[PDB]
Amino acid sequence: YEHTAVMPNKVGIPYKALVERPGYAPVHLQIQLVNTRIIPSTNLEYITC
Amino acid sequence: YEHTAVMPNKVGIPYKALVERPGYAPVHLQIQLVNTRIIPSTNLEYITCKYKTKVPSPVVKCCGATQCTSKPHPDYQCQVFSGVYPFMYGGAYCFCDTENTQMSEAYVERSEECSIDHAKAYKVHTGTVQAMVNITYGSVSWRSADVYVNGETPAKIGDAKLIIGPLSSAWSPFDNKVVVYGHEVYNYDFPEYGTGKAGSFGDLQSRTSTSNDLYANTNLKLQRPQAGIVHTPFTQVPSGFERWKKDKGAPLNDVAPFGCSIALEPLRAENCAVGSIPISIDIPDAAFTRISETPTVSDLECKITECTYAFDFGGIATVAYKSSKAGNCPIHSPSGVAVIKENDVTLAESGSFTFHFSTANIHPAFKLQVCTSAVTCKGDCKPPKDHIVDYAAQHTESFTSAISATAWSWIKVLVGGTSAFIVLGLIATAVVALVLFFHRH
Ligand SMILES: *[C@@H]1O[C@H](CO)[C@@H](O)[C@H](O)[C@H]1NC(C)=O
């Protein structure tokens with residue numbers, strides 16, 4: 001059963017919801033981010049020393 | 001006790017009802033069709049298969065000539081070819097160079113594959129309709145029997161006498177002519193026996209697969225033998241049976257309306273969802289319990305806790321009650337709004353019970369019958385999530401099933417707006433006409 005939502009981009013703050021499936025009792029869902037990483041693509045231009 | 005009703009011609013969908021006999025507690029009745037079979041009356045016209053051409057040894061007359069005679073063979077051919085000078089392994093067969101004749105013969109017969117690979121042409125007329133039913137009533141468990149859908153032949157099912165009326169529709173998937181090839185049935189307008197054309201389906205026709213009288217119509221023509229060669233060449237139109245098998249198209253098995261399934265022994269169309277079935281079932285008198293001998297149910301309150309108008313039993317309701325004797329109690333909803341999954345419940349002195357139901361209505365409002373009593377259930381239903389399901393709907397949708405309370409408000413406002421506004425003009429006209437009357441008087 002697919003549950004769709006939008007959670008804030010926060011680390012350490014859990015996203016909580018009840019997954020409501022017709023005919024079934026709600027299932028509590030908790031999604032928490034441990035870390036989020038922006039990993040850009042880089043090309044070495046040169047080395048200075 | 002006789003119970004009469006009309007149930008839809010739906011296989012696998014149960015018919016549920018309460019048998020209400022005054023002075024006795026209602027007995028819950030459930031009738032479910034296992035299968036429905038339309039069995040037309042068929043008459044075999046002829047058998048078609050791939051032909052085989054028989055070619056007897058030719059007669060080679062040296063230094064002379066012979067003549068052909070007719071023979072009683074299918075598509076028989078005979079031709080005398082003069083001026084032949086055949087050779088064999090031993091050299092020239094005949095001495096004379098020109099006074100030399102070869103007589104060739106050929107005729108058509110059924111191929112050996114005709115014993116297994118052939119098509120049967122049947123004339124199809126109306127016939128018997130049969131069905132198998134699964135029936136329960138009260139405390140009697142499921143019993144089943146094969147019945148005739150004619151309204152005249154009774155059946156004894158679990159000591160109950162059932163009479164099934166004729167289908168409300170005379171529809172049948174078979175035309176007046178069908179061709180049975182293998183497991184497939186075709187609505188093919190085959191040519192009558194003796195009128196088949198070369199290269200077409202009926203080029204070869206036989207009344208039976210063992211008949212000694214075979215009709216064949218091919219352009220079997222004897223050709224002149226090649227110079228110096230002893231053989232019997234001929235030309236003939238390719239078999240129309242093999243041609244038909246290539247072009248036979250979609251069988252009735254694949255195109256029959258109403259989901260009909262086609263079976264061959266006997267030829268019949270099964271589980272066609274057409275019309276309705278009048279019924280009459282006699283419930284034994286011993287199955288009824290007097291009112292005073294059954295528990296009394298009152299103080300009913302029905303709460304719908306969940307509802308989706310899905311094809312499955314998407315609704316759930318909880319019914320609070322108070323009752324005496326704490327016995328078993330039949331449950332039924334006579335309204336077409338919702339179909340109840342449970343047939344009966346076990347009651348305590350006081351408490352509540354739940355039941356499941358299926359409905360197409362966005363706002364269900366239905367009467368639930370509880371043995372000797374009844375309660376009205378109302379609620380709202382959500383749309384289903386699945387676009388496509390692999391099971392048929394348990395409920396029947398009505399004209400107003402989709403109309404929401406918001407839609408009803410708009411419909412009532414538009415109707416009420418014009419009704420009040422038009423009447424206002426009519427009222428104003430009637431009053432002003434009277435005012436002018438009093439101006440004169
Ligand atoms: C009648 O219904 C019951 C339902 O459990 C089933 O077990 C039984 O096989 C059915 N009878 C036939 C002939 O299908």
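The listed protein sequences correspond, in order, to chains A and G.
So in the entry's author numbering the end of the first sequence lands on 49, straight run, no missing numbers.
So in the entry's author numbering the end of the second sequence lands on 441, straight run, no missing numbers.
In this text, a Cβ means the ideal position worked out from N, Cα and C, and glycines have one as well.
Do residue i and residue j have their CB atoms nearer than 8 Å?
{"i": "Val230/G", "j": "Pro58/G", "result": "yes"}
{"i": "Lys16/G", "j": "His332/G", "result": "yes"}
{"i": "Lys52/G", "j": "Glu109/G", "result": "yes"}
{"i": "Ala106/G", "j": "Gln77/G", "result": "yes"}
{"i": "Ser358/G", "j": "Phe313/G", "result": "yes"}
{"i": "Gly151/G", "j": "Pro166/G", "result": "yes"}
{"i": "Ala256/G", "j": "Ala269/G", "result": "yes"}
{"i": "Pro40/G", "j": "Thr101/G", "result": "no"}
{"i": "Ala119/G", "j": "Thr48/G", "result": "yes"}
{"i": "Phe81/G", "j": "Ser104/G", "result": "yes"}
{"i": "residue 442/G", "j": "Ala131/G", "result": "Given a span of 1 to 441 for chain G in the structure shown, any question on residue 442/G remains unanswerable."}
{"i": "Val133/G", "j": "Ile31/G", "result": "yes"}
{"i": "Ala121/G", "j": "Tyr215/G", "result": "no"}
{"i": "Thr296/G", "j": "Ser323/G", "result": "yes"}
{"i": "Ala360/G", "j": "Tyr321/G", "result": "no"}
{"i": "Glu342/G", "j": "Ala326/G", "result": "no"}
{"i": "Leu300/G", "j": "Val274/G", "result": "no"}
{"i": "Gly416/G", "j": "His356/G", "result": "no"}
{"i": "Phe234/G", "j": "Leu222/G", "result": "yes"}
{"i": "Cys96/G", "j": "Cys62/G", "result": "yes"}
{"i": "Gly336/G", "j": "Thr396/G", "result": "yes"}
{"i": "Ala405/G", "j": "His363/G", "result": "yes"}
DSSP puts residue i in a beta bridge; with which residues?
{"i": "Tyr15/A", "result": "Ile31/A"}
{"i": "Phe437/G", "result": "In the DSSP output, where bridge partners are listed per residue, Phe437/G has none listed."}
{"i": "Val345/G", "result": "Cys329/G"}
{"i": "residue 442/G", "result": "Outside the displayed span of chain G (1 to 441) sits residue 442/G, for which this structure offers no information."}
{"i": "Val432/G", "result": "Partner(s): none; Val432/G has no beta bridge."}
{"i": "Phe366/G", "result": "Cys377/G"}
{"i": "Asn134/G", "result": "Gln32/G, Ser144/G"}
{"i": "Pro8/G", "result": "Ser276/G"}
{"i": "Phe353/G", "result": "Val319/G"}
{"i": "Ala121/G", "result": "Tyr46/G, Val179/G"}
{"i": "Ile116/G", "result": "Note: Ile116/G sits in no beta bridge, so no partner."}
{"i": "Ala216/G", "result": "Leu204/G"}
{"i": "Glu397/G", "result": "In DSSP, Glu397/G forms no bridge with anything."}
{"i": "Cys302/G", "result": "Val319/G"}
{"i": "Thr128/G", "result": "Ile39/G"}
{"i": "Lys197/G", "result": "According to DSSP, which records beta bridges pairwise, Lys197/G is partnered with nothing at all."}
{"i": "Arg110/G", "result": "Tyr51/G"}
{"i": "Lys385/G", "result": "Answer is none; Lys385/G lacks a bridge partner."}
Residue i and residue j look like a contact to me (Cβ under 8 Å); what is the Cβ gap, rounded to whole Å?
{"i": "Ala287/G", "j": "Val27/G", "result": "6 Å"}
{"i": "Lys367/G", "j": "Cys307/G", "result": "Going by Cβ atoms, the distance from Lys367/G to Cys307/G rounds to 16 Å, so no, they are not a contact pair."}
{"i": "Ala392/G", "j": "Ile13/G", "result": "7 Å"}
{"i": "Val149/G", "j": "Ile163/G", "result": "The Cβ separation is near 10 Å, so there is no contact."}
{"i": "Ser276/G", "j": "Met7/G", "result": "6 Å"}
{"i": "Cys302/G", "j": "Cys329/G", "result": "Incorrect: roughly 14 Å between the Cβ atoms, too far for contact."}
{"i": "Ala160/G", "j": "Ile283/G", "result": "6 Å"}
{"i": "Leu267/G", "j": "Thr42/G", "result": "5 Å"}
{"i": "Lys248/G", "j": "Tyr186/G", "result": "6 Å"}
{"i": "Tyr193/G", "j": "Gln205/G", "result": "5 Å"}
{"i": "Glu242/G", "j": "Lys50/G", "result": "6 Å"}
{"i": "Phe311/G", "j": "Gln394/G", "result": "6 Å"}
{"i": "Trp244/G", "j": "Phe174/G", "result": "19 Å between Cβ atoms; not a contact."}
{"i": "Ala25/G", "j": "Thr305/G", "result": "So it is not a contact: roughly 28 Å between Cβ atoms."}
{"i": "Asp75/G", "j": "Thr195/G", "result": "Their Cβ separation, rounded to whole angstroms, is 15 Å, which puts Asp75/G and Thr195/G out of contact at 8 Å."}
{"i": "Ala170/G", "j": "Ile157/G", "result": "Not really, about 26 Å apart at Cβ, beyond 8 Å."}
{"i": "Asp213/G", "j": "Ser239/G", "result": "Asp213/G to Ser239/G, Cβ: 20 Å. No contact."}
{"i": "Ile262/G", "j": "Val129/G", "result": "Not confirmed; about 15 Å, so no contact."}
Is there at least one non-hydrogen atom of ligand 3 closer than 7 Å to the beta-carbon of residue i?
{"i": "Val34/G", "result": "As presented, the structure is devoid of ligand 3, carrying ligand 1 as its sole ligands."}
| For the stretch 373-390 of chain G, which residues have a CB atom closer than 9 Å to at least one CB atom of chain A, in sequence order? | Answer set for the stretch 373-390 of chain G: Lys382, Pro384, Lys385.
| request: Identify each residue in the stretch 412-427 of chain G for which the Cβ-Cβ distance to at least one residue of chain A is less than 9 Å, and report them in chain order. | output: Residues: none.
| beta strand (DSSP E) runs wholly inside the stretch 224-300 of chain G, at least 3 long, in chain order | Those beta strand (DSSP E) runs which fall completely within the stretch 224-300 of chain G and span 3+ residues are 261-264, 267-270, 276-282.
| query | Considering only residues of the stretch 47-102 of chain G, which uninterrupted beta strand (DSSP E) runs meet the minimum length of 3 residues and lie entirely inside it, listed in chain order? | reply | Whole beta strand (DSSP E) segments, 3+ residues: 51-54, 59-62, 77-82.
| Residue ranges of each beta strand (DSSP E) run of no fewer than 3 residues wholly in the stretch 155-194 of chain G, ordered along the chain? | Within the stretch 155-194 of chain G, the complete beta strand (DSSP E) runs of at least 3 residues are 160-164, 177-181, 184-186.
| query | Of all the residues that make up the stretch 13-31 of chain A, which are near chain G by a beta-carbon distance shorter than 7 Å? | reply | So the list reads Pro22, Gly23, given in the order they occur along the chain.
| For the stretch 296-309 of chain G, which residues have a beta carbon sitting closer than 8 Å to at least one beta carbon of chain A? | Listed by position along the chain: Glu306, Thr308.
| query | If contact means a Cβ-Cβ distance below 7 Å, which residues of the stretch 314-326 of chain G contact chain A? | reply | Of all residues in the stretch 314-326 of chain G, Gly314 have a Cβ within less than 7 Å of some Cβ in chain A.
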